[PDB]
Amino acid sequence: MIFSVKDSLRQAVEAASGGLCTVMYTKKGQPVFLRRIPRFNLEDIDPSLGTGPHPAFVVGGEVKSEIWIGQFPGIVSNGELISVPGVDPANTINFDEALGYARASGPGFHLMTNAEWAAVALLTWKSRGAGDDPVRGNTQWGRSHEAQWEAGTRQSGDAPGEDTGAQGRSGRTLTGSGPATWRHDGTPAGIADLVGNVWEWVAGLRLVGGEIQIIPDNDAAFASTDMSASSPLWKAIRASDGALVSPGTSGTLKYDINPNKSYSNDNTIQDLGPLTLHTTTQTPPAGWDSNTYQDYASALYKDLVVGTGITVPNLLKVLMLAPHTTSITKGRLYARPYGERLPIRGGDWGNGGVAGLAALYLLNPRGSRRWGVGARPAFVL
């Protein structure tokens, strides 16, 4: 027999997808549906963003031909974070668990990185008309908040659109079970559920007391790179020239609450004004750290407030940390400028226009486990 069930499935997936998708197999021989996104240059999105390959395609100094994105939200099976259709998306796992489960699959496999997310979002935006966020999804308890008649299959068994939070029933939908408009390119061969269903942990991005920090390029792809809190790998961004510099340096970019507002230590949560990007951080009340869940600051991605002196470096636009267009009317940005925060992207079933390609939620610490937050695998090489 030259024939295997596992290889024949791979071929079927490759065929049906015009060669855009495949199935790779994990260390433990489990299926990972993956969609290829070939390398593009920044100038192909908009020449005013700079030049060279998008960071998603640079791993350990080497420029890659393409990357592979998990076609579906990850699910944890045995001890691997795999990517398959028709299942309840992984949830209630923290950043380190997600990062680990992703790597367990073997060489190449990793927790999808902020650089990859950034690559897909920008490419999606440009390729679908360079207008708004082209993509929809499970952003209202099973269906799309923009489009009621687009729904997936709810794991809960409840009707799309029914808020069952109080009954402790989730609004997650089985992966890819929504229509093709819930896939990044409008076709069945697209990446599914990027927008909605569950938020997803991404690697290579971090907040420390409001200072923005990243793992350079797509270096977050290695199974060896230290993304713990103590890691010397994290770099900040200089705002004046956008160079990668050591954390704590003078002119580094930070997410901050609004200049026209102030932290209220009333043990009561307030959204403190349009989120602002400048080089300083308002001092929070004493004793507020990564385990403090209090006041924050949000803003629609298009509406992020740029500091009076600041020219936002292209680097931030490319990694989807600051808007480049304002044609984007969905996707909300959240940030707590105190403690260590790890990013989750895309939005879930209960957000609304908050969900979207540009949705970024930096209010939680790496330890947080929530029923509407999960992860998905990617592969390079």
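The first residue of the shown sequence is 1; numbering continues from there.
Regarding 350-358 and 36-44, which shows the higher C-alpha temperature factor on average in the entry?
Result of the comparison: 36-44.
Per the record, averaged over C-alpha atoms, which has the higher B-factor: 139-147 or 265-273?
That would be 265-273.
Highest Cα B-factor in the deposition, which of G157, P284, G131, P89?
Max CA B-factor in the entry, restricted to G157, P284, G131, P89: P284.
Among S127, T181, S240, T153, where is the Cα temperature factor highest, going by the PDB entry?
That would be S240.
Should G29 be placed in the lowest, middle or highest third of its chain by the C-alpha B factor in the entry?
It belongs to the middle third of the chain when residues are ordered by C-alpha B-factor.
Among the modelled residues of its chain, does the C-alpha B-factor of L194 lie in the lowest, middle or highest third?
Lowest third.
Split the chain's modelled residues into thirds by Cα B-factor; is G339 in the lowest, middle or highest one?
Answer is middle: the recorded C-alpha B-factor places it there.
Sorting by Cα B-factor within the chain, modelled residues only, which third would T252 end up in: lowest, middle or highest?
Top third by C-alpha B-factor.
Lowest, middle or highest third: which one holds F95 when the chain's residues are ordered by CA B-factor from the entry?
Its C-alpha B-factor belongs to the middle third of this chain's values.
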